[PDB]
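S.K.:
Protein chains in written order, with the deposited numbering: chain O, 16 to 250; chain C, 16 to 250; chain A, 72 to 296; chain M, 72 to 296; chain B, 1 to 176, 189 to 236; chain N, 1 to 49; chain H, 1 to 49.
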């Protein structure tokens, strides 16, 4: 893939894995879904937007993101899609971790479409609900889980692999690349209001060093959205 | 049309519009509608009937006509349709208004098949009914509307365009010509008892002058009946 | 939803609607005789008139269903009589009238225990199509000046009428209620008209009020949404 | 056992499950009226919810069956009315509502003597497929922060609602109970999910307890079988 | 003879049940179907006919009830704001209830399609000026000003193209919020020579084009 | 007409019987089946992941 | 056996119903249709006399 500004080169072992087995496509619209024609080049906004890199402690318990969201005030992607009426796109996302040959651990990069992340509070002591407002727009840094075993959704990682996933074993792979197409009932919904998609990077073997060695492990996420769908509006 | 007495030359603006998409036809009777033969030369009755021209002031609110009736003591036609047993014809009617290019307004000439126009009185204070006399049998002179928004029929002009219509906007066209075929459940009904058909000429932008200009604007009606059908009776 | 099937006249009109609710108490204040004529109006299903006065001429068959019950809803072993009499044929006057035995008046005999009868009434008019309003006097020939309120109604638009009995020489045993549902089939319509905007006053003419209502107002001013 | 017939989604789903238990007593304090609206939840069959949360999006037609009896089980000579009203359509508020006579609301008249009514409801959603949970606030456009309990639930996943009456102007004579069974037909599903492991609290969000249980425990130690 | 098992739905009366029923008069041959010119076999034919749009849904007096089809332009306001045609959703309560389209949509539930709104100018022959019509898609609020509206879908209408101007809104849908907005702005003042009324009028009539489709039938009328 | 004898199983309601029932909305045409990428037509597909 | 749903109009007696009913004497052979000259098959022929 030599499309964009600067890449990050790998020895390209077959850690490549496509969402459900079929590539992200464009919209097949030479019929009548919209008489106005959204127009989209492959390299305008398909820049390699690399998020903030995050730390991995022993007591880290996994992290999640939402994707139509994550680009809002993020990149020229967010500066246009907020103003555009409708959105659709595939992704090439690269979760990359840099570690030593003395470190041991296990990460599980997995991909999940409709991610309803809960959640609950205490009980019925004072109030029964209050899910957070800041639940959407988790920043590149955010956010930590609460109960990773159930993904704060009452759903087990034990079977998380049933969704398109990919392993990062510091024994073998420090790099993983997974591609997802667009996934929705409608070929066009709006973006920031509905996050079509969620990404998880959760450790299973919770890492161990022997001290005197850098205790923090970088998990750098690198994104490249393919087959987007836009045109332009006002401001 | 160079068929008849005197014609009227026009620059043939895109005023052409046919009733419902079909030319007025004659009678097909090699079936079993009548062993009797209706008789009509093509040049017998096709004279250009121009009625009296009516005035259009700012306080004008529209007029309507009924067509089989309007010819009674009207023309040699009414002197002809009154004696016959059965009637059938389409019409080609030419509505022409002459105004200045300093005058402005907007007319909607429209034609309506079965036109039952009411009507009602006050309440139950003085009279409860009194259905109208000259409601049917409208002379050339008549008739003025009463409440144009509902065509005195509880029916909105807002959707009058659903019927065969044509606009006269003094911005562009001052002339309109519209053709109607025969339209009834029976191919032959009687004339003087039932007016199968109604014509409306309603202003929406009720004309405006700048004073010092003649405040009366003429809406001249001209009629030309195609495909009549008769044979002969007594006297 | 790329399909125009729900915009067909048939799909737009095909639905058994309640158009008749006939009450037969054991004895009471409705009809102490044990006998009822139902002139067959389509307007019984209220909204239907506007729904069909979209057009001038249209044409259809009619499939009627007869659900009869007690006012309680108790289903009861009663044997009753449905009679459809053609436009030409006369209507019965008494419970013991002869019209009930007149063969040319098609009759239906079912029990309430037996599931609702289901019949079809064809296109009865001598015209090519039904007609909702006649821009003329329904009198053929020279006019009579006795009255002139006889306006707009086309008389050969009557598609018959239905009559009901609790069969027998003696009076009924149970208080009964018959309901009639109308379904329109092979629909063909013709000349399209603008749709009604006022309330109706009478049920034979497009009459209106001495004060016009507006199909939408309260918009303040043209600038404010 | 070499056959993939019982591993198709259809065989996995083709079975009428009880989803409705509506009581219409002679009189009491649930609904003293003789009248009940039944919003059409599939969650009525308890286990079905986890059974369908195996996937994200799925799609099917639905065959409904209505068995009615007394709380005793006495089958009773009563004629009742089932009315299905679409998602858009309004629900009746009173027993004597006008909505019962509204034609665009398909209605069913059966007796308890008559075997249970059976109708088929097609795929209703304006979407191409159903959706069990919407990872967004269901408003298109700007967010409304007046309320935020409106989360995850997709409203056009609602496939209508059912209403029941004891037919008649007067109240019923007998105490009745209607039971509703749903069978899913041409089922096609899509995106696979891990299956639920904790208990449900609400029916609009996959919320869980403030203390996690374990989908299997009591294993003593890894060495001992 | 022939064996049979009766199945549920037996003896049931379904209002929308479509079957062939017992004919009451089987020997009867009805009056023949002769050809009558204007005929409809689909309501969309009606959904596609251009009909008047009551933008000026302001006055409620029968003497001023006619003012709704019409909406004015005058030499008073300059380069400012004249009129938004309000929401661009026909079946929704508003100006569109005047259109035939808006009414038949009231006989259904949710729709999807494209609309075109042709505007007609009724002023004098000698009048000249400019108007820019600006559509504002759902989600995006009404453009603050002219300069804000120009950066989007908009058409500068001059009375050189006097006859009309057709504005086609691409796509609208009902998915059970915020809808499309059409705004009409004074690009410039209504200039006239002497002898012309310092005020003129516009009539707006609209319809849906051919990709327009509708949903399930639903009834809600006026009479009771 | 065509002679018929009712046989046992008449008027019986079987929860798992596979028959065609009366359609509630015979005029209704649902939104089209557009292609959604990941699809399952057999649960065995899950047994293999 | 063969599945069936009974529809409304069931058990109804319609006076103008055109059906074939059970024959009372199926083995009976009625006297043959010998030819008698003047015959009418339609009432309109009378309308023309």
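Ideal Cβ positions, reconstructed from N, Cα and C, are used throughout, including at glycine.
Please confirm whether residue 130 of chain C and residue 213 of chain C have their CB atoms less than 8 Å apart.
M.R.: Yes, these two residues count as a Cβ contact at 8 Å.
S.K.: For residue 216 of chain B, which residues from the same chain have a beta carbon less than 6 Å from its beta carbon, with the 5 sequence-adjacent residues on both sides left out?
M.R.: Answer for residue 216 of chain B: 53, 55, 119, listed in chain order.
S.K.: Could one say the Cβ of residue 176 of chain B lies closer than 8 Å to chain F's Cβ atoms, at least one of them?
M.R.: In the structure shown, chain F does not exist; the protein chains are O, C, A, M, B, N and H.
S.K.: Does residue 69 of chain O come out as helix, strand or coil in the three-state DSSP assignment?
M.R.: It is a strand residue.
S.K.: Taking 8 Å as the limit between beta carbons, can you name the residues of its chain near residue 95 of chain A, skipping five residues before and five after?
M.R.: 101, 102, 105, 107, 235, 237, 243, 246, 247, 248, 249.
S.K.: Would you list, in chain order, the members of the stretch 83 to 104 of chain A that have their beta-carbon closer than 7 Å to a beta-carbon of chain M?
M.R.: Answer in chain order: 86, 88, 89.
S.K.: How would you call residue 102 of chain C, buried or exposed, if buried means at least 16 neighbouring beta carbons within 10 angstroms?
M.R.: The residue is buried, with at least 16 neighbouring Cβ atoms inside 10 Å.
S.K.: Measure the beta-carbon distance from residue 122 of chain B to residue 120 of chain C and round it to whole angstroms, keeping in mind my assumption that it falls under 8 Å.
M.R.: Their Cβ separation, rounded to whole angstroms, is 7 Å, which keeps residue 122 of chain B and residue 120 of chain C in contact under 8 Å.
S.K.: Is the distance from the Cβ of residue 205 of chain M to the Cβ of residue 223 of chain M below 8 Å?
M.R.: For residue 205 of chain M and residue 223 of chain M, yes; Cβs fall inside 8 Å.
S.K.: What is the DSSP secondary structure of residue 102 of chain O, counted as helix, strand or coil?
M.R.: Looking at residue 102 of chain O - three-state DSSP - the assignment turns out to be strand.
S.K.: Using the beta-carbon of each residue, which ones in chain O are nearer than 7 Å to residue 207 of chain M?
M.R.: Within chain O, the residues near residue 207 of chain M are 208, 209, 210.
S.K.: What residues from chain B crowd round residue 187 of chain M, counting only those whose CB sits closer than 7 Å?
M.R.: What residue 187 of chain M touches in chain B: 8.
S.K.: If I measure Cβ to Cβ from residue 128 of chain O and keep anything under 6 Å in the same chain, skipping five residues before and after, which residues do I get?
M.R.: The answer, listed in chain order, is 198, 212.
S.K.: Alpha carbon to alpha carbon, how far is residue 180 of chain A from residue 14 of chain H? Give it in angstroms, no decimals.
M.R.: Roughly 7 Å separates the two Cα atoms.
S.K.: Check whether the stretch 54 to 74 of chain C and the stretch 130 to 141 of chain C are in contact - that is, three or more C-beta pairs closer than 8 Å.
M.R.: No: the two stretches stay apart, fewer than three of their Cβ pairs being nearer than 8 Å.
S.K.: Residue 231 of chain B versus chain M: which residues are under 9 Å apart at the beta carbon?
M.R.: Going along chain M in sequence order, the residues near residue 231 of chain B (Cβ under 9 Å) are 160, 173, 174, 175, 176.
S.K.: Is it buried or exposed, residue 210 of chain O, if we count other Cβ atoms within 10 angstroms and call 16 or more buried?
M.R.: Under this definition residue 210 of chain O is a buried residue.
S.K.: For the stretch 23 to 31 of chain C and the stretch 185 to 200 of chain C, state whether three or more C-beta atom pairs, one from each stretch, are separated by less than 8 Å.
M.R.: Cβ pair count under 8 Å is three or more, so yes.
S.K.: Could you tell me the alpha carbon to alpha carbon distance between residue 10 of chain O and residue 282 of chain M, rounded to whole angstroms?
M.R.: Outside the modelled stretch of chain O, which goes from 16 to 250, sits residue 10 of chain O, for which no answer is possible.
S.K.: Check whether the Cβ atoms of residue 182 of chain M and residue 146 of chain A sit closer than 8 Å, and answer yes or no.
M.R.: Yes, these two residues count as a Cβ contact at 8 Å.
S.K.: Under the DSSP definition of a beta bridge, which residues are partnered with residue 207 of chain M?
M.R.: According to DSSP, residue 207 of chain M bridges with O:209.
S.K.: Measure the C-alpha to C-alpha separation of residue 119 of chain M and residue 164 of chain M and round it to an integer number of angstroms.
M.R.: Roughly 30 Å between the two C-alpha positions.
S.K.: With burial defined as no fewer than 16 other Cβ atoms inside 10 Å of the residue's Cβ, what is the status of residue 38 of chain C: buried or exposed?
M.R.: Its Cβ having fewer than 16 others within 10 Å, residue 38 of chain C is exposed.
S.K.: Please go through the stretch 90 to 125 of chain A and give each complete beta strand (DSSP E) segment of 3 or more residues, from N-terminal end onward.
M.R.: With a minimum length of 3 residues, the continuous beta strand (DSSP E) runs that stay inside the stretch 90 to 125 of chain A are 106 to 110.
S.K.: Going by the DSSP bridge assignment, what does residue 180 of chain C pair with across the sheet?
M.R.: Paired residue(s): C:125.
S.K.: Can you grab the Cα-Cα spacing for the pair residue 271 of chain A / residue 287 of chain A, in whole Å?
M.R.: Cα-Cα distance, rounded: 18 Å.
S.K.: Scan the stretch 97 to 117 of chain C for residues whose Cβ lies nearer than 7 Å to a Cβ of chain B and list them as they occur along the chain.
M.R.: Within the stretch 97 to 117 of chain C, the residues whose Cβ lies closer than 7 Å to some Cβ of chain B are 116, 117, listed in chain order.
S.K.: By alpha-carbon positions, which one of C:105, C:158, C:205, C:64 ends up nearest to residue 98 of chain C?
M.R.: Measuring from the Cα of residue 98 of chain C, the nearest candidate turns out to be C:205.
S.K.: For residue 2 of chain H, go through chain B and note every residue whose CB falls closer than 8 Å to its CB, in chain order.
M.R.: What residue 2 of chain H touches in chain B: 2, 3, 4, 5.
S.K.: Residue 221 of chain B CB to nearest chain C CB: under 8 Å?
M.R.: No, residue 221 of chain B lies away from the interface with chain C (no Cβ there is under 8 Å from its Cβ).
S.K.: Apart from the five residues just before and just after residue 233 of chain O, which ones in its own chain have a Cβ nearer than 8 Å to its Cβ?
M.R.: Counting only Cβ-Cβ distances below 8 Å, and skipping sequence neighbours, we find 68, 69, 70, 71, 112, 113, 114.
S.K.: Output the distance between the C-alpha atoms of residue 124 of chain B and residue 208 of chain B, rounded to the nearest integer angstrom.
M.R.: One C-alpha to the other measures close to 7 Å.
S.K.: Within the same chain, show all residues whose beta-carbon is closer than 7 Å to that of residue 147 of chain C, passing over the 5 residues directly before and after it, in chain order.
M.R.: So the list reads 134, once near-sequence residues are dropped.
S.K.: Given that residue 228 of chain M touches chain B, what residues does it touch there, using C-beta distances under 8 Å?
M.R.: Simply none; closest approach about 10 Å.
S.K.: Return no unless some Cβ of chain M is closer than 8 Å to the Cβ of residue 27 of chain N.
M.R.: Output row for residue 27 of chain N: interface = no.
S.K.: Quick check on the DSSP output: what are the complete beta strand (DSSP E) runs of length 3 or more inside the stretch 213 to 252 of chain M, in order along the chain?
M.R.: Fully enclosed beta strand (DSSP E) runs of 3 or longer: 232 to 237.
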